[PDB]
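Chemist: Provided herewith is a single structure, encoded as structure tokens, for subsequent inquiry.
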Number of protein chains: 2
Amino acid sequence: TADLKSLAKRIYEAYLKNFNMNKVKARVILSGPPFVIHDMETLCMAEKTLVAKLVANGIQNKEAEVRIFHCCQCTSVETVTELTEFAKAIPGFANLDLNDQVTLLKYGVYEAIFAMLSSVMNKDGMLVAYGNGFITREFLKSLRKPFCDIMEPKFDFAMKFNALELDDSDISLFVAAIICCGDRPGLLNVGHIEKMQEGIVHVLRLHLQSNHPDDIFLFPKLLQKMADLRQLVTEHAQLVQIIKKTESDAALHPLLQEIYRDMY
Amino acid sequence: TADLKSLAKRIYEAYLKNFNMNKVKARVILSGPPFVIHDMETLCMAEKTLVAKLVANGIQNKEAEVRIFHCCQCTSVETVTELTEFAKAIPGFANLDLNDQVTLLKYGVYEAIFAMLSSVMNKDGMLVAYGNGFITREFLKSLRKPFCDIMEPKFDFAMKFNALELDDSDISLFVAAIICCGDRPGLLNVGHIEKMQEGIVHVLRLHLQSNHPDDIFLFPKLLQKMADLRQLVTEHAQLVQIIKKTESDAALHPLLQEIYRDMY
Ligand SMILES: CCCOc1ccc(C[C@H](CC)C(=O)O)cc1CNC(=O)c1ccc([C@]23C[C@H]4C[C@H](C[C@H](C4)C2)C3)cc1
Ligand SMILES: CCCOc1ccc(C[C@H](CC)C(=O)O)cc1CNC(=O)c1ccc([C@]23C[C@H]4C[C@H](C[C@H](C4)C2)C3)cc1
């Protein structure tokens, strides 16, 4: 229909407006020039140029793995803010009760975060720092436990997600569908949320049919990736709690503490 | 030994990484929510939601039994690709000659496919479409010949296979052992393949000893299931050839035609 094509276009435009990075942009950068972080020397060089304040403390600088963990948190706080603006484009979201908006975003943001991380990842590493660096998967594996274990499951997911060959017009609807999940704990007006979700999923189904006529299973494949993301986030939150208990230098931003609070 | 436990763990991890469905995941879904296909009404409903493109042709849509047969083929092409990636974890496989890799996979994929189908089957039906549907065994029996005869022998095998109560750590090694069969026709370097097979079977034997101390016959039982699978695949290929000759609408994907070509 014309109102459903317009809805898919609205969501896509709200996605291009609100996220500083998208798959088209990331792929152009990755083709090639981003500075390569592949070892401890190049990490320290990239820090001095790209996050100078974080390493301006001399011997009082944190352990490298803790600095990296802090940078990862900074990007999540940014993406949570972008995701919050993006959600207003979803028909009905801005009409929901404020508390329900908080709940849907609370459980959705990290699913959306790791879904969109796939856009900047390849089998060798990931684009980072607003397109200005490329950090290798092998370097992230070289970080001492438990910090290396944060990274590799995200690459594992992203490689399978990227094999679906989604574009930005697909991913925007997928992120909307993530936010609209009506089975989140503590929702007040579940019935209105289910109707909101039905609408986005309806548009997503039709969009994948027209945009990917070569893969007749892409919609159920993406439904399964939503479940995989929910499990990926549950496991992530557990590793973060381990880091919180065992690593006194790895302070969690208060905004992210609130997201994790009473999640898993 | 430590290198043999590590090998069993490597194979298991490569299995969890490369197959989108496993027994743990399937059982959780089957406990309960997948949409139930139990009659012609619910088949057509599931098609419109889950493979919309396949039924978007109006009166030019294929007969229901042919649509189902087409979906089954699509999943085999997917599993053949996953199986090909999985095989690289088997010590020595990636070192074999390219032609031998093709031959081992040619004869192994359908044995592995029907072995792993058991994980998503119970006595009443099977999980389908990336965990999003459940199609009943009785509905598949209701399909006109010859299409109903594709389905029931797979349930018969799976019920006996599932009574062995294997878990994913067992099945991963079993699928590796299937791929390593050194008596496939046309192998070039049979001696190297026999040593590769000996290694996987050695690890499988020791793994079943520790993981199933209650069933002292489980290893010979699984050897017999490998022979049963070879016969199941031979009979499957014969029914597929009948369908190829007698059903002009049931086109075989070219990749699967090549697998069947000069098999039985
Ligand atoms: C394998 C996936 C790694 O990325 C991850 C992983 C987990 C998370 C979630 C975080 C974990 C603390 C969260 O729970 O909020 C976020 C990112 C996203 N990380 C980033 O966007 C990121 C951004 C900048 C950097 C830097 C690190 C160094 C080197 C280089 C310049 C500068 C200093 C920033 C890249 C690193 C990661
Ligand atoms: C009793 C066993 C039935 O399953 C079989 C049987 C044989 C084979 C081998 C195939 C036969 C053509 C081959 O030779 O490659 C594969 C499967 C695996 N089939 C599937 O994975 C499958 C996937 C999706 C569906 C659908 C069919 C309808 C209903 C529902 C949604 C949508 C449309 C997909 C499930 C059905 C079967």
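Ordered as shown in the structure tokens, chains take letters A, B, and onward, while each chain numbers its residues from 1 and ligands are numbered from 1 in the order shown.
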Identify all chain B residues at most 8 Å from chain A by counting only C-alpha atoms; ligands do not count. Present them as a PyMOL selection string.

Modeler: chain B and resi 17+49-54+129-132

Chemist: Let me see the file: selected residues, N, CA and C atoms, as a PDB file, in the first residue's frame.

Modeler:
ATOM      1  N   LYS B  17      28.426 -22.581  16.580  1.00  0.00           N
ATOM      2  CA  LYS B  17      28.644 -21.391  15.770  1.00  0.00           C
ATOM      3  C   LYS B  17      27.991 -21.485  14.394  1.00  0.00           C
ATOM      4  N   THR B  49       2.530 -15.512   5.998  1.00  0.00           N
ATOM      5  CA  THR B  49       3.315 -14.777   6.979  1.00  0.00           C
ATOM      6  C   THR B  49       4.804 -15.077   6.867  1.00  0.00           C
ATOM      7  N   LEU B  50       5.171 -16.334   6.609  1.00  0.00           N
ATOM      8  CA  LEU B  50       6.560 -16.765   6.757  1.00  0.00           C
ATOM      9  C   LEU B  50       7.333 -16.899   5.450  1.00  0.00           C
ATOM     10  N   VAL B  51       6.667 -17.185   4.332  1.00  0.00           N
ATOM     11  CA  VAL B  51       7.319 -17.214   3.025  1.00  0.00           C
ATOM     12  C   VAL B  51       6.426 -16.470   2.033  1.00  0.00           C
ATOM     13  N   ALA B  52       6.162 -15.192   2.321  1.00  0.00           N
ATOM     14  CA  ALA B  52       5.159 -14.425   1.579  1.00  0.00           C
ATOM     15  C   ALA B  52       5.386 -14.462   0.071  1.00  0.00           C
ATOM     16  N   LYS B  53       6.647 -14.383  -0.362  1.00  0.00           N
ATOM     17  CA  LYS B  53       6.955 -14.339  -1.790  1.00  0.00           C
ATOM     18  C   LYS B  53       6.440 -15.578  -2.510  1.00  0.00           C
ATOM     19  N   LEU B  54       6.555 -16.748  -1.872  1.00  0.00           N
ATOM     20  CA  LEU B  54       6.203 -18.016  -2.509  1.00  0.00           C
ATOM     21  C   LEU B  54       4.718 -18.128  -2.845  1.00  0.00           C
ATOM     22  N   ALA B 129      10.994 -23.439   9.909  1.00  0.00           N
ATOM     23  CA  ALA B 129      11.094 -22.022   9.560  1.00  0.00           C
ATOM     24  C   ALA B 129      11.801 -21.224  10.659  1.00  0.00           C
ATOM     25  N   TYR B 130      13.023 -21.649  10.970  1.00  0.00           N
ATOM     26  CA  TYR B 130      13.881 -20.920  11.911  1.00  0.00           C
ATOM     27  C   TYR B 130      13.179 -20.734  13.254  1.00  0.00           C
ATOM     28  N   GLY B 131      12.502 -21.793  13.692  1.00  0.00           N
ATOM     29  CA  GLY B 131      11.880 -21.858  14.992  1.00  0.00           C
ATOM     30  C   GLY B 131      10.508 -21.232  15.076  1.00  0.00           C
ATOM     31  N   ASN B 132       9.955 -20.766  13.955  1.00  0.00           N
ATOM     32  CA  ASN B 132       8.745 -19.947  13.965  1.00  0.00           C
ATOM     33  C   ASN B 132       7.468 -20.714  13.651  1.00  0.00           C
TER      34      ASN B 132
END

Chemist: Please identify which residues in segment 21-68 of chain A DSSP calls alpha helix (DSSP H) from the backbone, and express them as a list in words.

Modeler: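 Of segment 21-68 of chain A, the ones in alpha helix (DSSP H) are residues 23, 24, 25, 26, 27, 28, 29, 30, 31, 40, 41, 42, 43, 44, 45, 46, 47, 48, 49, 50, 64, 65, 66, 67 and 68 of chain A.
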
Chemist: If the limit is 6 Å from any atom of ligand 2, counting only C-alpha atoms and all ligand atoms, which residues qualify? Return them as a ChimeraX atom specification.

Modeler: /B:43,46-47,50-51,68-69,71-73,75-76,128-129,133,151-152,154-155

Chemist: Find the residues around residue 167 of chain A up to 10 Å (only C-alpha atoms counted), leave out those fewer than 3 positions away in its own chain, and share them as a PyMOL selection string.

Modeler: chain A and resi 22-24+119+162+164+170-172+211-212

Chemist: Go ahead and dump the residues you just picked, C-alpha atoms, as a PDB file, in the first residue's frame.

Modeler:
ATOM      1  CA  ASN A  22      24.984   3.459   8.900  1.00  0.00           C
ATOM      2  CA  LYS A  23      25.942   0.443   6.826  1.00  0.00           C
ATOM      3  CA  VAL A  24      26.400   2.308   3.525  1.00  0.00           C
ATOM      4  CA  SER A 119      27.009  -2.816  10.232  1.00  0.00           C
ATOM      5  CA  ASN A 162      25.696  -9.810   7.947  1.00  0.00           C
ATOM      6  CA  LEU A 164      21.606 -12.030   5.557  1.00  0.00           C
ATOM      7  CA  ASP A 170      15.843  -3.249   6.263  1.00  0.00           C
ATOM      8  CA  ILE A 171      17.809  -2.542   9.430  1.00  0.00           C
ATOM      9  CA  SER A 172      15.798   0.571  10.277  1.00  0.00           C
ATOM     10  CA  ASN A 211      13.481  -5.660  -1.169  1.00  0.00           C
ATOM     11  CA  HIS A 212      14.736  -9.291  -0.976  1.00  0.00           C
TER      12      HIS A 212
END

Chemist: Using only C-alpha atoms, which protein or nucleic acid residues come within 8 Å of residue 178 of chain B? Drop anything in the same chain fewer than 2 positions from it, and give the result as a list in words.

Modeler: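 Near residue 178 of chain B, the qualifying residues are residues 108, 111, 112, 174, 175, 176, 180, 181 and 226 of chain B.
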
Chemist: As a ChimeraX atom specification, please: the residues near residue 263 of chain B (cut-off 9 Å, only C-alpha atoms, same-chain neighbours under 5 positions excluded).

Modeler: /B:106-107,185,234,237
